[PDB]
Amino acid sequence: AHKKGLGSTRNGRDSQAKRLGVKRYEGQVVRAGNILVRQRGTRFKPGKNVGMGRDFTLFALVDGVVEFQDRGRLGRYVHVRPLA
Amino acid sequence: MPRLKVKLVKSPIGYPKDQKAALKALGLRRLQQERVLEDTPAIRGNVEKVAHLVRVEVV
RNA sequence: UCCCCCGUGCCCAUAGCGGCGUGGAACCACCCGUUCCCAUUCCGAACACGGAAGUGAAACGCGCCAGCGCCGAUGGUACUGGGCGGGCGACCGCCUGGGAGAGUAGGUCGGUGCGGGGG
RNA sequence: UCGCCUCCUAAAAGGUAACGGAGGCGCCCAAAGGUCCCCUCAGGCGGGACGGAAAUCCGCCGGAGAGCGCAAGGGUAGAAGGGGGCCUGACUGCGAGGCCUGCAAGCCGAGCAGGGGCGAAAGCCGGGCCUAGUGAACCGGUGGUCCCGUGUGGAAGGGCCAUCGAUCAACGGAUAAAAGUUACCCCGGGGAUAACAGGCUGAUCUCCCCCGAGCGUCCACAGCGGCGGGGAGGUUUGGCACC
RNA sequence: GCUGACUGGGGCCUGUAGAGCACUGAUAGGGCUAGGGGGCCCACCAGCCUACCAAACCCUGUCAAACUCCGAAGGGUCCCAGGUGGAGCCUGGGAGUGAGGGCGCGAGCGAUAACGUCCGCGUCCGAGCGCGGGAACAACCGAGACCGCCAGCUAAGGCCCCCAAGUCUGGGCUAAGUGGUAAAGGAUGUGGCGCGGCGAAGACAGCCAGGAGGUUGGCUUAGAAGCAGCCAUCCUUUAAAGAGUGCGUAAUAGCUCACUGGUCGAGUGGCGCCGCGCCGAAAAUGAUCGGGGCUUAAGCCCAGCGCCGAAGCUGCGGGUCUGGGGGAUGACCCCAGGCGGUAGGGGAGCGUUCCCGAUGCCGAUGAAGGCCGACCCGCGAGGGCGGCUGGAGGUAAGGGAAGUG
RNA sequence: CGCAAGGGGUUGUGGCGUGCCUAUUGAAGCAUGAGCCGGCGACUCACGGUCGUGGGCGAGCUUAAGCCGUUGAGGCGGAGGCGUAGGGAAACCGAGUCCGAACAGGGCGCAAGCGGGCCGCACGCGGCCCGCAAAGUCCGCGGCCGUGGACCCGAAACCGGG
Ligand SMILES: [Mg+2]
Ligand SMILES: [Mg+2]
Ligand SMILES: [Mg+2]
Ligand SMILES: [Mg+2]
Ligand SMILES: [Mg+2]
Ligand SMILES: [Mg+2]
Ligand SMILES: [Mg+2]
Ligand SMILES: [Mg+2]
Ligand SMILES: [Mg+2]
Ligand SMILES: [Mg+2]
Ligand SMILES: [Mg+2]
Ligand SMILES: [Mg+2]
Ligand SMILES: [Mg+2]
Ligand SMILES: [Mg+2]
Ligand SMILES: [Mg+2]
Ligand SMILES: [Mg+2]
Ligand SMILES: [Mg+2]
Ligand SMILES: [Mg+2]
Ligand SMILES: [Mg+2]
Ligand SMILES: [Mg+2]
Ligand SMILES: [Mg+2]
Ligand SMILES: [Mg+2]
Ligand SMILES: [Mg+2]
Ligand SMILES: [Mg+2]
Ligand SMILES: [Mg+2]
Ligand SMILES: [Mg+2]
Ligand SMILES: [Mg+2]
Ligand SMILES: [Mg+2]
Ligand SMILES: [Mg+2]
Ligand SMILES: [Mg+2]
Ligand SMILES: [Mg+2]
Ligand SMILES: [Mg+2]
Ligand SMILES: [Mg+2]
Ligand SMILES: [Mg+2]
Ligand SMILES: [Mg+2]
Ligand SMILES: [Mg+2]
Ligand SMILES: [Mg+2]
Ligand SMILES: [Mg+2]
Ligand SMILES: [Mg+2]
Ligand SMILES: [Mg+2]
Ligand SMILES: [Mg+2]
Ligand SMILES: [Mg+2]
Ligand SMILES: [Mg+2]
Ligand SMILES: [Mg+2]
Ligand SMILES: [Mg+2]
Ligand SMILES: [Mg+2]
Ligand SMILES: [Mg+2]
Ligand SMILES: [Mg+2]
Ligand SMILES: [Mg+2]
Ligand SMILES: [Mg+2]
Ligand SMILES: [Mg+2]
Ligand SMILES: [Mg+2]
Ligand SMILES: [Mg+2]
Ligand SMILES: [Mg+2]
Ligand SMILES: [Mg+2]
Ligand SMILES: [Mg+2]
Ligand SMILES: [Mg+2]
Ligand SMILES: [Mg+2]
Ligand SMILES: [Mg+2]
Ligand SMILES: [Mg+2]
Ligand SMILES: [Mg+2]
């Protein structure tokens, strides 16, 4: 029988997964309120017809379609062009 | 159009689900059996995905 | 319609940085003042006001260059959906689609709408 | 070690385990909040009274490497950073529509109404750049409510609204209330699980081989073999937990 | 009631593979250069040099799960299309399961050990210990077993005998029984590509002759004469002979080979690859690739024709589950698919005890039970009928209860 | 055996073949249980509940105890229970109601006819009728759930009186 004293650790704790990311991709029809993106920082700037919540939480406020737009060094966006 | 004649010749037992599903989409069930389908992109889709189990010829 | 300038947006470096031109007739700026509205952690520097002698020096606008920046092929790899094999193993190979990153040839000192003043 | 947060492992959606790898939380701020108006950093090189190699200055050069209360990440000067003025929306009544999710919880929130804050105005304000700073129920306390109140009236006592007492941290929380010992031991079970032997493995062990520093008076290989390298065996000590 | 899996075409969402240092860190050398040993030192006013230490910075080379200037394949999702499937969606009734395992691939742990361990996708086993191949063998290759056939084609794997089918046909390789399973590392093993160098103005080997003078080159405690470490790194008479290739002396001596004369008078040495083989290779009851045996193969590699070979697929007959139809509702007919299965769900039936049916009906010309049957019906549980035994009970259709197998 | 075709008994060779149950990732397993045979041997019943189902009646349905009758004859009995209004913590209001100051909002709520033969025989469908509903109830049957020993067998032990 050999079980010499067994060492120990500690750094064995992690955090809960937050399921962040883009929740609605361009072309998708969305009602007002539908929280499109749900990032942490400003990865995606609020576009026309879009609203930013406490946590930069992007959400549409107009019943229409979705669509992004890369402005280069101006940061990406995500406006919901109205179903006109 | 140019209906394609696909014939299942290799057993699907041991292949991913999508592969067996492809066969189901083409209408193939038993072995050897050969069906004739319309030659359209959507049909070619599966036939090419499960081509390693079904021999194809044009008609 | 066409050049120049003044404001404005879009494209977000092939749209800049830095050298070298040049421009004031007009607009613009620098200036002359700062009693007055208004100001500075303290300075009319900056905001702000009233001006009009002088100027393009600065700043800005418009050209010129490739040196930095940037852009960047074509080929050929890497890697890999899917399919089929080899090695005791570490790993590796063929078929069929997809296909970089670097590197090289080379490209660039912008393009462009709306409204104004002026030839 | 046990709940929560950040990064990785996680295989470019989301999720994803191990006594895997590496760090944090159990607060705090009345200004570190709301709004309006201004301001822009760190360093590099110069030149600088005491001045370290950063005190504060001045001049270029510098798109962000500074800063943002604290971990880490994301974000960010076209401000979330730095300063100044009034302020209290760190609202009340709600809440379309969603994110996340077994359950209930967590989260984002336009918009309407009441009464306000700042701004000329457009407008923005339902705490804080963001993601940790937390605790169901039950039992009670304190304000209000006027809802019920045992024949009637009033009381006692409840309810409703608000709020309080948890290292219930074993952090979904058994009781308001809790340690040991048994070789004097007992039952139900397990080869789901240790000790023996076997099995698989071969780090460790035993063995031989490759290289030839360098020893051997001279000379690498009579006899040896530094640093290192490739193997075999399964008799050691173990690993695994397969009958 | 077409929305499913799967697929085609669009649109983005992303940071793995890979790669790359622009960020964060790690990096070897070099340059340049703050310092600091310290150095010539004219001595404070700097200074100069440095095969040491050494910032920052540049150049050349790289490294990363918690780095990213960059970045696939793919993957996710939405829209439009295919897609009638024991697809989907909604509501409700019944569950069982919450010990999984092997294989492949992507990670961790481990020691990139384990029939190890923990996740990810997939797939099989589980429940396909049903069938073929793999000698035997849950999970490797083949393939999803409704029943029957003394028919047929195939799969993997095979075709010399065991053992069904080629001692098949062309071109090669191997000589070990490699084949029939181990490494670094060795080696004039074989066979095939290369690419250079020498050679009929005579190479290669062997043999014959020379292989010298500078001098023992300078340098070492012993000495170091071609043979322990360097500078210069060369000369001489020459066909050609080194300041020397080994052997060897304590050191000289000696024997040699570098080179060329000469005979001889046709090829000959160098290295780089590729195939297959040799050694490297020792463990415990008796040996062997499954066995016998196999050598222009019965091994290995490459073409080809053809057969064998499953419960797969056809052919023939039958049963059953769904759906669609016939619909003369004929519950019987053709058409179309399906029918492995553990935990489980669902649906049909058989038999046992008893009650109504029974004041009935069977029964001594024999009840119930028992013992036989090669017959009849049914998919099956069974139900018949017949012979023997037995000797007094038994109980239809149609229903009802439950101490019911 | 039988006329026959065919059939019954035995088994010499050949081919193929890893007991049954249980428990498991995995068993012929050198894991459990069983010597063999016969007989006994384990998912029931009561009352509730929830679905489903065969009926009756349905803006309703239905009785309990008990009484009268039978002596394997059924009647009576509306106490009572469900159902016909949802909300609120409640007072309370009511197709509304609760939070709210609010005709803002929002949470529970409601908004049920007819496929349709016939026929009085208004150029009108009344309304009889209909599925079984609006829509429920009652009884039967079945599945599962609750309380009971609740599928059957098994402890080591605890307590009472002797
Ligand atoms: Mg907000
Ligand atoms: Mg297979
Ligand atoms: Mg992910
Ligand atoms: Mg992924
Ligand atoms: Mg303020
Ligand atoms: Mg919820
Ligand atoms: Mg009273
Ligand atoms: Mg060694
Ligand atoms: Mg052993
Ligand atoms: Mg295990
Ligand atoms: Mg469709
Ligand atoms: Mg779909
Ligand atoms: Mg698609
Ligand atoms: Mg990476
Ligand atoms: Mg990589
Ligand atoms: Mg797509
Ligand atoms: Mg299904
Ligand atoms: Mg269900
Ligand atoms: Mg588990
Ligand atoms: Mg397990
Ligand atoms: Mg487990
Ligand atoms: Mg599994
Ligand atoms: Mg698992
Ligand atoms: Mg698996
Ligand atoms: Mg492993
Ligand atoms: Mg395992
Ligand atoms: Mg393994
Ligand atoms: Mg586990
Ligand atoms: Mg299976
Ligand atoms: Mg099998
Ligand atoms: Mg077996
Ligand atoms: Mg098999
Ligand atoms: Mg076999
Ligand atoms: Mg089948
Ligand atoms: Mg054949
Ligand atoms: Mg074949
Ligand atoms: Mg034969
Ligand atoms: Mg060998
Ligand atoms: Mg070798
Ligand atoms: Mg041959
Ligand atoms: Mg078949
Ligand atoms: Mg059929
Ligand atoms: Mg079945
Ligand atoms: Mg009777
Ligand atoms: Mg008689
Ligand atoms: Mg009887
Ligand atoms: Mg019984
Ligand atoms: Mg057991
Ligand atoms: Mg099992
Ligand atoms: Mg036995
Ligand atoms: Mg046994
Ligand atoms: Mg047991
Ligand atoms: Mg048993
Ligand atoms: Mg026994
Ligand atoms: Mg018995
Ligand atoms: Mg018995
Ligand atoms: Mg009941
Ligand atoms: Mg019931
Ligand atoms: Mg309402
Ligand atoms: Mg019992
Ligand atoms: Mg007593």
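Protein sequence lines, in the order shown, are assigned to chains E and G.
The first sequence runs 1364 to 1447 under my numbering.
The second sequence runs 188 to 246 under my numbering.
For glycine and all other residues, C-beta sits at the position ideal for the given N, C-alpha and C.
Host alpha helix (DSSP H) of residue i (start-end)
i        : result
G:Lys207 : 204 to 213
G:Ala229 : 228 to 236
Span of the beta strand (DSSP E) around residue i
i         : result
E:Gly1370 : Here E:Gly1370 belongs to no beta strand (DSSP E), and DSSP marks it neither H nor E.
G:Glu244  : 241 to 245
G:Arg222  : 221 to 224
E:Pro1445 : Element bounds for E:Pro1445: n/a, residue is neither H nor E.
G:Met188  : Run containing G:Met188: none; DSSP gives neither H nor E here.
E:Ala1423 : 1421 to 1423
E:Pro1409 : 1407 to 1409
Reference residue i, options the options, closest by Cα
i         : options                                    : result
G:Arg216  : G:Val223, G:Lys207, G:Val243               : G:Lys207
E:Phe1422 : E:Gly1368, E:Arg1376, E:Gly1435, E:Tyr1440 : E:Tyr1440
E:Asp1418 : E:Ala1364, E:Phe1407, E:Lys1411, E:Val1425 : E:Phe1407
G:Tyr202  : G:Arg242, G:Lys236, G:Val243, G:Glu244     : G:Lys236
E:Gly1404 : E:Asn1397, E:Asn1412, E:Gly1384            : E:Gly1384
E:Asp1433 : E:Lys1381, E:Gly1370, E:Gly1427, E:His1442 : E:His1442
Rounded distance between the beta-carbons of residue j and residue i, thought under 8 Å
i        : j        : result
G:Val246 : G:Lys192 : 5 Å
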